[PDB]
Amino acid sequence: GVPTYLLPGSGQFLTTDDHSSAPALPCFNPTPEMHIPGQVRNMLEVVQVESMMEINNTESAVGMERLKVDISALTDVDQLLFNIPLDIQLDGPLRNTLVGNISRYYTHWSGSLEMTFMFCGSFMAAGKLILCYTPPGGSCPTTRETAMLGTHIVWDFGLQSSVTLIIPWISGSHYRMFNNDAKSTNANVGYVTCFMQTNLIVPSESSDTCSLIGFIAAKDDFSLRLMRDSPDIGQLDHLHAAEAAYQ
Amino acid sequence: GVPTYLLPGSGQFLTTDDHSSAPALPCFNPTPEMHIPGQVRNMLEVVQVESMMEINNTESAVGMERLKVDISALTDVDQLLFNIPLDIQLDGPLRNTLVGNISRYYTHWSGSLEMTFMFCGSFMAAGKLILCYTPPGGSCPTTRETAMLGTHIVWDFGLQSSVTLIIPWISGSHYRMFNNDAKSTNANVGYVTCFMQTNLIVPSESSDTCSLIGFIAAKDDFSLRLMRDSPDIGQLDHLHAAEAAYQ
Amino acid sequence: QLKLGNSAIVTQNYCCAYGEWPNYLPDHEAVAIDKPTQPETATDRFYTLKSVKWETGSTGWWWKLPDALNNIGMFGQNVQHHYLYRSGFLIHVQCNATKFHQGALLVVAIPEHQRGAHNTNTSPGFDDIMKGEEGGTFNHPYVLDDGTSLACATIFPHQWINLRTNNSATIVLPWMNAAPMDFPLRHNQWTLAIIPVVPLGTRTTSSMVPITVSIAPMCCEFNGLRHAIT
Amino acid sequence: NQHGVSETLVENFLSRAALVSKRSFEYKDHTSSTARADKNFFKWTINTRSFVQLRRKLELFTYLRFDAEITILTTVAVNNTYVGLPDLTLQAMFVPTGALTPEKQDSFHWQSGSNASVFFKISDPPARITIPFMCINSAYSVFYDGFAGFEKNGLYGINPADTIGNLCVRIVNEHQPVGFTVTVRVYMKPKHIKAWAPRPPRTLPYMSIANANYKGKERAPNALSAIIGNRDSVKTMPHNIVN
Amino acid sequence: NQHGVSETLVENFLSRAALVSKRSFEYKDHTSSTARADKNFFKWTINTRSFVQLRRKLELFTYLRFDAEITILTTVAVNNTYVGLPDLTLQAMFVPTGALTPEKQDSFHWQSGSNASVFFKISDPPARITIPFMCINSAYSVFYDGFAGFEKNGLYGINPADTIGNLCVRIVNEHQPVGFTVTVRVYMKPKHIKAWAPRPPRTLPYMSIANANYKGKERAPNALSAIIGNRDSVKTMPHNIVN
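So, here's what we can say about the structure.

### Comments concerning the sheet that holds strand 8 (residues 166-171) of chain D
Residues and elements named next belong to chain D.
In step 1: Across the sheet, four strands lie side by side as 2-8-4-5; this open sheet has antiparallel pairing. Strands at the two margins of the open sheet, each flanked by one partner only, are strand 2 (41-42) and strand 5 (116-121).
In step 2: Pairing geometry for strand 4 (residues 89-95) and strand 8, over six bridges, is antiparallel. When the sheet's bridge partners are listed, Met93 is paired in strand 8 with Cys168.

Right under this line is the structure:
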């Protein structure tokens, strides 16, 4: 007949192959495809939707107090409000985001991020902030004089109650790494800080402890590759009633 | 289905095969090819670059004294300065060269060699040498009267501080052998000798012990085949921290 | 002349490293979305290092780029303020003596010179590699301090200063990295290596013969502008 | 944009042959074993809910339309002395949801007059069958906000239309004078995936397979009151570059 | 020129399936073995640095762009009496650089929800997978003159972008009443090689895999002060034809 010979890799079961197999149910007519709303053809569509950062990932922030950042009226000039580690692959405020949990299924990642800070004070509350993205190499800038030299945006609380802080894609390589190292030149992203540009100035009837909801999305140039398991979920023993699927 | 039968050589793992295999990462987009300087498409490009001979491969030549050859003023007529065994496959002055270490990955070799002797005396230092390539069969010619009959070149130290001693490809066969035998008719190349054509004549202020740096390259007609392991490097036990790649 | 910026060198033969002349980063190979700033004359100029004494018992000298130039001039100020970095170099190593001196200098520019320490299995630390403007002296230049060979070191981009023949070496380096730009404070893409293959010898009155190294960072790009690290 | 987006495709994201079932069942004289122990066969109601890697990937979406590609890796071990591993022939009969699953190893339900059986061996490559899209609806309800029955005793979140069926796997050989621990690992690769309505990725650990209950870790990360692990203050950088 | 130059091609020079990993790990009841001993699995950080034949061939170049073709040859031996060699099923799960490697043989990381596992046997032909070009840069930095981190504690010469990943290989079977010494030889053939910036071939022997340290042989050849073996004088021919 046809003279063949088995290559190495014969009889192996690669879990990521793309071969057809013998169908168990022949001449089975599947259910006709009905138009269901919101088809995801590509997981970047899940990533490019903005989702809340837990910038207030501290102790004594129980439950829902972790999403918002309580800014207040400050009697001193140019105080730091918050800073955000930008590793979407590692644990931090970006881990429980759509750009974070989907990227932890991957190892390499490119493309720009898109922060959005939604201010949730009163209409009478007026003030200005700065949103300083600092490219890495140095420490986190603790003064506003240090952080203004990086990529920043000055944001009034006029009718503007939201922003678009484009964290630009600044890297030597085309992608990044995970490699358990947040301080590596191949994995570290930089630091977004936020300072009082002026102050949070409220009247006598508005609440002084106003909150910032911080979002993060990804831009159109975002990319992910080298798919891996998620470290977010784990399994020590079998789940409950998993034996009951055998009974 | 398709009636087949397994040939002999089925399930073998030949290390030098050219078969495609099932990729572990499907739809993986690699990093785009950036123009990096100096691509080697062919290992003869590494070979055709001139590299220093260790003609002074003697004892009491410690370290860097082995590259250069200290020639001096001689009171006697027509003395031998140095001679070079020309086996690029075997151990000798040509082993630690680009034409040597890359050829020791191979067994057969064709093509002409290209020696270059760079003189490193003073500008006031004047003299003449001869560079006698002798085809094999006889002994190494010890007198200049014997070595002038072979392929030679007479070289002034005028503005000429370098040469191009084309060792021509003279062989019966198309290629050569290694076969652990430097004296075989299939492996021996011949002998390059160097005699004082006149003398090394320096003034009272130039250093009399002038040096010759000897290079060797390969020509365009050089060739290598029948690839083998390199005998230059070896391994008795595992290297240090090689177990640490498993921990 | 080698006129770069306000700096210039009059000369009376160079070596494009791997045939490539250093240019700016092309847009199809660009990775960062913002425009890289190009200090076209403040940094594209000859920065001259400290001259080292080419003596009789000398083993060698190595300067890692841009680590030799991370604290010099406006190039040192663009490096410390910007995260990314991309430039080629025009190294002009120049060493002249009389017509009675002899010697040879393998002025060789090594791409990615991962060094090694003798007799120990511990990797070289940060202080053994990032020497800065002072550079370093070769411990074993016969094996280039990495187990390789100096005899084959001419496969690298380098020429010669034979005091018989010439008195200068010009090596013109492109950007040599797998990445288009790189963080310059933790990586050294090139390494200018200067090795006494034939030592300095003469019978005349022994003058000091130094080797002066002028390095001109050509086609400097920079991204990631922020506060200085220094 | 030179960077390819082709690995984030859901056709590449979900089509990984992940583990969906694993039973190490004994293989011996089952004349003294109890009713709980597997008497040389096991039923398995085919679900993606048992192993949390494929579950959380499929719980990213509300509705899924995939063809399962069931690959059955059967491996064997010996329960003092050791002898050679046998070349056991196995039958993996596909039983629909709620149909008659067999009571014995040698019962007359394994004759498979219409049920799709696959007969494979341990020494062979693993048996791979393509289960097609077998839902009465146009997509698998991964999350079914509702109840199965018309009475008020139905199970919440469990649509039986979402269930593929039963993968009844037995060993075709008779019992042998020594016992073997035959482990059957089932690997399902969803293919031709059409995924609708993406969802938040589940942060808290799973409690059961029948429902979306949650307890969380006792402390952060992935705790109930604190999903992301805690730091000192909001102005304190965890992985700061301090030189 | 009639002589072909096609064997000195780097596509032919480097594409040899050379040995890159080898562990003879035990296979038995690991209820009394220590933490250092392999409890039926091993992790391996994939590198070309461990075996000096492929290492010196890839250390001829500064930058390399190849697709690895990992071929895993698993062979088995028995630790008094002798019995037949088992047909052990092995899993070789590909873990990225710095991801979660499994702690046990039967841990729930081997389910491979997204990690590329290959399931092969000893009796089968060796499992061959093509690892693509997996660097964030456009080429593998074989020599990385620099440091990994932004702090001054990083390892010199080790770029983690150069690292392929982890090749976590376990035995899918349970423990058996006799012990086996299961040796797993991994053979990597780089293919589609694009090689940049050639380097001097390393003369001195290697000391470690993490760095380019050197000691040399005590005497010539390949010594520190003398790479080429010594002769009598510069005018003395070693292999002279004396008739």
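### Let's talk about helix 1 (residues 73-81) of chain C
In step 1: Within helix 1 of chain C, burial applies to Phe75, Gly76, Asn78, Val79 and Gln80 of chain C.
In step 2: Those residues of helix 1 of chain C that are buried lie in contact with strand 2 (47-48), strand 5 (86-94) and strand 10 (210-221) of chain C.

### Let's talk about the side chain of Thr16 of chain A
In step 1: By secondary structure assignment, the location of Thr16 of chain A is in the loop between strand 2 (13-14) and strand 3 (22-23).
In step 2: Within the local environment of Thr16 of chain A, its side chain forms a polar contact with the backbone oxygen of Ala24 of chain B, the two atoms lying 2.6 Å apart.
In step 3: Ignoring sequence-local partners within four residues, the contact set of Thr16 of chain A consists of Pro23, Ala24, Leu25 and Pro26 of chain B, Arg16 of chain D together with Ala116 of chain E.

### Let's talk about the interface of chain D and chain A
In step 1: Across the boundary between the two partners, chain D contributes 85 residues, which contact 90 residues of chain A.
In step 2: When chain D packs against chain A, close to 7500 Å² is buried across both sides, 56% of that on carbon and sulfur atoms.
In step 3: Counting the surface chain D buries against chain A, the share from its top three residues, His3, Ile228 and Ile241 of chain D, is 9%.
In step 4: Connecting chain D to chain A are four salt bridges.
In step 5: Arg65 of chain D is the partner of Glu33 of chain A in a salt bridge, and the nearest nitrogen-oxygen pair spans 3.7 Å.
In step 6: Counting the contacts that link chain D with chain A gives 46 residue pairs in polar contact.
In step 7: Elements that contribute at least two residues to the side of chain D that touches chain A include exactly helix 1 (10-13), strand 1 (18-27), helix 2 (52-58), strand 3 (61-78), strand 6 (127-131) and strand 10 (191-198) of chain D.
In step 8: It is strand 10 of chain D that provides the largest number of residues to the side of chain D that touches chain A, a total of six residues.

### What about unusual backbone geometry?
In step 1: Following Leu65 of chain C, the chain continues into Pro66 of chain C via a peptide bond in cis, with omega recorded as 5 degrees.
In step 2: The residue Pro66 of chain C is located in the loop between strand 4 (61-65) and helix 1 in this model.
In step 3: Omega for the bond connecting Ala220 of chain E with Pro221 of chain E falls within 30 degrees of zero, at 5 degrees, which places this linkage in the cis form.
In step 4: Mapping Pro221 of chain E onto the fold places it in the segment after strand 10 (191-198).
In step 5: Of note, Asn40 of chain E is a non-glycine position whose phi angle comes to about 65 degrees, a positive value.

### Re the nonpolar core
In step 1: One finds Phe117 of chain A together with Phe117 of chain B to be the most contacted residues of the largest nonpolar core, which totals 313 residues.
In step 2: Those residues in contact with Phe117 of chain A that sit more than four places away from it in its chain are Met53, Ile55, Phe82, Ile84, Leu131, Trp155, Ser161, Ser162, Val163, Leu165, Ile213 and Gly214 of chain A.

### Some details on the environment of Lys128 of chain A
Residues and elements named next belong to chain A.
In step 1: Mapped onto the elements, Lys128 comes out in strand 10 (residues 126-134).
In step 2: Considering only alpha carbons, one finds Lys128 and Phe195, 67 residues apart in sequence, at a separation of 9.0 Å.
In step 3: With near-sequence residues (within four places) excluded, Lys128 lies in contact with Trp155, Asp156, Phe157, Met196, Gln197, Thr198 and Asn199.

### Side note on the sheet that holds strand 13 (residues 191-201) of chain A
All names here are of chain A.
In step 1: Across the sheet, which stays open at both edges, the four strands sit in the order 7-13-10-11 with antiparallel pairing between neighbours. Whereas interior strands pair on both sides, the edge strands pair on one side only; in this sheet they are strand 7 (80-85) and strand 11 (154-156). Taken over all neighbouring pairs, the strand axes of this sheet differ in orientation by 20 degrees on average, direction set aside.
In step 2: Pairing of strand 10 with strand 13, which is carried by eight bridges, proceeds in the antiparallel orientation. Residue pairing in the sheet places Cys132 in a bridge with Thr193 of strand 13.

### A word on the pattern of salt bridges
In step 1: Applying the stated rule across the entire model yields 37 salt bridges over all chains.
In step 2: Note that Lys189 of chain D and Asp17 of chain A form a salt bridge whose closest N and O atoms lie 3.1 Å from each other. Of this pair, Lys189 of chain D sits in the loop between strand 9 (180-188) and strand 10 while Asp17 of chain A sits in the loop between strand 2 and strand 3, each in a different chain.
In step 3: For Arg55 of chain D, the salt bridge goes to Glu59 of chain D, with nearest N and O atoms at 2.9 Å.

### Digging into the state of the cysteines
Residues and elements named next belong to chain B.
In step 1: For the structure on display, the rule yields zero disulfides over all chains.
In step 2: In this structure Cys194 is a free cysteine whose sulfur lies 8.0 Å from that of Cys132, the closest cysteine sulfur available.
In step 3: Using a relative accessible area of 0% as the deciding quantity, one classes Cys194 as buried.

Here is what the cut-offs are and how they apply
- Residues numbered from 1 in each chain as written, not as in the entry; some residues may be left out.
- Chains lettered and ligands numbered in written order.
- Part of a larger assembly, values for the part shown.
- Heavy atoms only, no water.
- Pairing = 2+ DSSP bridges.
- Helix = DSSP H or I, 4+ residues; strand = E, 2+ residues; numbered from the N terminus.
- Buried < 20%, exposed > 50% of the residue type's maximum accessible area, 1.4 Å probe, protein only.
- Contact = heavy atoms within 4.5 Å.
- Polar contact = N/O pair within 3.5 Å; in protein donor to acceptor, adjacent residues only side chain to side chain.
- Buried area = accessible area lost by both parts, 1.4 Å probe.
- Salt bridge = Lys/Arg side-chain N within 4 Å of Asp/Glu carboxyl O.
- Core = buried A, V, L, I, M, F, W, Y, C linked by side-chain atoms within 4.5 Å.
- Axes fitted to C-alpha atoms, helices over the stretch in contact; angles between N-to-C directions.
- Disulfide = S-S within 2.5 Å.

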